[PDB]
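The block underneath contains the structure these notes are about, expressed in structure tokens.
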Amino acid sequence: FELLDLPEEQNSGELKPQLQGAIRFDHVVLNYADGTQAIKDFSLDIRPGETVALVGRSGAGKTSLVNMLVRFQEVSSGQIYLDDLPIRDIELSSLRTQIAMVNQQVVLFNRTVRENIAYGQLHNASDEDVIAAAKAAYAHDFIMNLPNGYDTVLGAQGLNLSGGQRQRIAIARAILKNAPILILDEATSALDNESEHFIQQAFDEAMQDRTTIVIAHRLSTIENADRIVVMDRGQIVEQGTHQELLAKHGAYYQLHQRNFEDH
């Protein structure tokens with residue numbers, strides 16, 4: 001719950017590319033006012049369609065890394081490139097419309113279910129695309145059991161929407177966005193079993209053939225990733241495929257046998 005630095009949103013880049021899903025971190029460093037070295041010297045190349053699974057403790061740097069990718073945190077040194085374009089040369093709106101951020105802290109608004117899915121830049125989406133997104137999030141059927149269906153306004157009492165139903169509405173927003181880059185924290189903490197089942201399926205379907213950086217919680221996400229990056233104290237400890245990292249018989253191997261406890 002620490003406060004972070006506040007970026008200035010100097011939207012000095014004017015490029016409006018169609019992102020293809022290549023990402024490169026080039027010697028990225030993140031140093032704080034108090035001397036903390038949050039990220040040391042981080043380099044990683046991600047090709048279009050790849051999933052990179054981040055593994056590591058809560059303070060290891062995973063959140064700071066992906067925040068830098070959406071310019072929610074600035075970099076102390078180094079560069080980030082999207083399809084070989086420096087990220088700061090891209091118009092911020094263009095960047096943010098093309099990167100989906102999915103996690104348990106996504107905001108639900110006291111607005112219709114429709115507006116919660118067709119939110120913001122997607123406010124004028126076609127009616128059938130909102131339904132398709134809700135079906136892909138396994139939310140359409142329960143939305144149509146709400147008192148006023150898609151016109152039901154969140155934030156009231158008596159809606160009977162569980163946490164796992166609410167989280168599926170938020171996932172539908174990300175699916176509608178259909179972004180070439182997905183930043184996923186696949187947490188399903190405190191949700192009911194059935195919601196967890198459908199959410200895991202929606203997450204696997206969202207990662208399919210799409211550039212994804214995932215803060216992993218499930219073994220399948222880690223083992224099937226194109227690259228696994230084990231972070232500790234802001235540094236890459238090791239990186240590679242599941243097969244390569246097992247063969248090293250090192251940090252990842254030990255973590256795998258401990259079911260990634262605390263990582």
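By convention here, the chains of the structure tokens are called A, B, ... in the order presented, each chain's residues are numbered starting at 1, and ligands are numbered starting at 1 in the order presented.
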All strand (DSSP E) residues (DSSP, backbone) inside stretch 5-238 of chain A, as an MDAnalysis selection string: chainID A and resid 23:31 37:46 51:55 77:82 85:86 99:102 181:185 211:215 227:232 235:238
Just the residues within 8 Å of stretch 21-31 of chain A, please, counting only C-alpha atoms, with nothing from its chain fewer than 6 positions along; format it as a PDB file with C-alpha atoms, in the first residue's frame.
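Printed below is result.pdb as written:
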```pdb
ATOM      1  CA  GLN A  37      17.255  -0.150  -5.540  1.00  0.00           C
ATOM      2  CA  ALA A  38      13.802  -1.402  -6.659  1.00  0.00           C
ATOM      3  CA  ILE A  39      14.971  -2.742 -10.058  1.00  0.00           C
ATOM      4  CA  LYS A  40      18.766  -3.083 -10.644  1.00  0.00           C
ATOM      5  CA  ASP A  41      19.600  -3.474 -14.405  1.00  0.00           C
ATOM      6  CA  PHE A  42      16.802  -5.349 -16.102  1.00  0.00           C
ATOM      7  CA  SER A  43      16.857  -6.504 -19.730  1.00  0.00           C
ATOM      8  CA  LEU A  44      14.293  -8.714 -21.443  1.00  0.00           C
ATOM      9  CA  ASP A  45      13.118  -9.175 -25.037  1.00  0.00           C
ATOM     10  CA  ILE A  46       9.554 -10.390 -25.680  1.00  0.00           C
ATOM     11  CA  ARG A  47       8.389 -11.287 -29.181  1.00  0.00           C
ATOM     12  CA  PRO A  48       4.755 -10.921 -30.348  1.00  0.00           C
ATOM     13  CA  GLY A  49       2.484 -13.552 -28.866  1.00  0.00           C
ATOM     14  CA  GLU A  74       9.041   6.212 -14.446  1.00  0.00           C
ATOM     15  CA  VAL A  75      12.453   4.592 -15.016  1.00  0.00           C
ATOM     16  CA  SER A  76      15.651   5.838 -13.400  1.00  0.00           C
ATOM     17  CA  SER A  77      17.773   4.660 -16.354  1.00  0.00           C
ATOM     18  CA  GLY A  78      17.441   2.493 -19.395  1.00  0.00           C
ATOM     19  CA  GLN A  79      14.743   2.310 -22.011  1.00  0.00           C
ATOM     20  CA  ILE A  80      11.586   0.395 -22.857  1.00  0.00           C
ATOM     21  CA  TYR A  81      10.717  -0.211 -26.536  1.00  0.00           C
ATOM     22  CA  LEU A  82       7.390  -1.315 -28.039  1.00  0.00           C
ATOM     23  CA  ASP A  83       8.054  -2.698 -31.539  1.00  0.00           C
ATOM     24  CA  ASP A  84      11.409  -0.898 -31.421  1.00  0.00           C
ATOM     25  CA  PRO A 180      -2.203  -6.649 -28.249  1.00  0.00           C
ATOM     26  CA  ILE A 181      -0.441  -6.630 -24.850  1.00  0.00           C
ATOM     27  CA  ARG A 210      -1.275 -12.713 -27.238  1.00  0.00           C
ATOM     28  CA  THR A 211       1.785 -10.969 -25.776  1.00  0.00           C
TER      29      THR A 211
END
```
Can you list, as JSON, numbers by chain, all residues belonging to stretch 42-174 of chain A that DSSP tags as helix (DSSP H, G or I)? {"A": [58, 59, 60, 62, 63, 64, 65, 66, 67, 68, 69, 87, 88, 89, 92, 93, 94, 95, 96, 97, 113, 114, 115, 116, 117, 120, 121, 122, 127, 128, 129, 130, 131, 132, 133, 134, 135, 136, 140, 141, 142, 143, 149, 150, 151, 163, 164, 165, 166, 167, 168, 169, 170, 171, 172, 173, 174]}
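Our summary of the geometry notes that atom CA of residue A:104 is positioned 6.8 Å from atom CA of residue A:187.
Residue nearest residue A:228 within the list A:20, A:10, A:257, A:51: A:51 [criterion: smallest interatomic distance, only C-alpha atoms].
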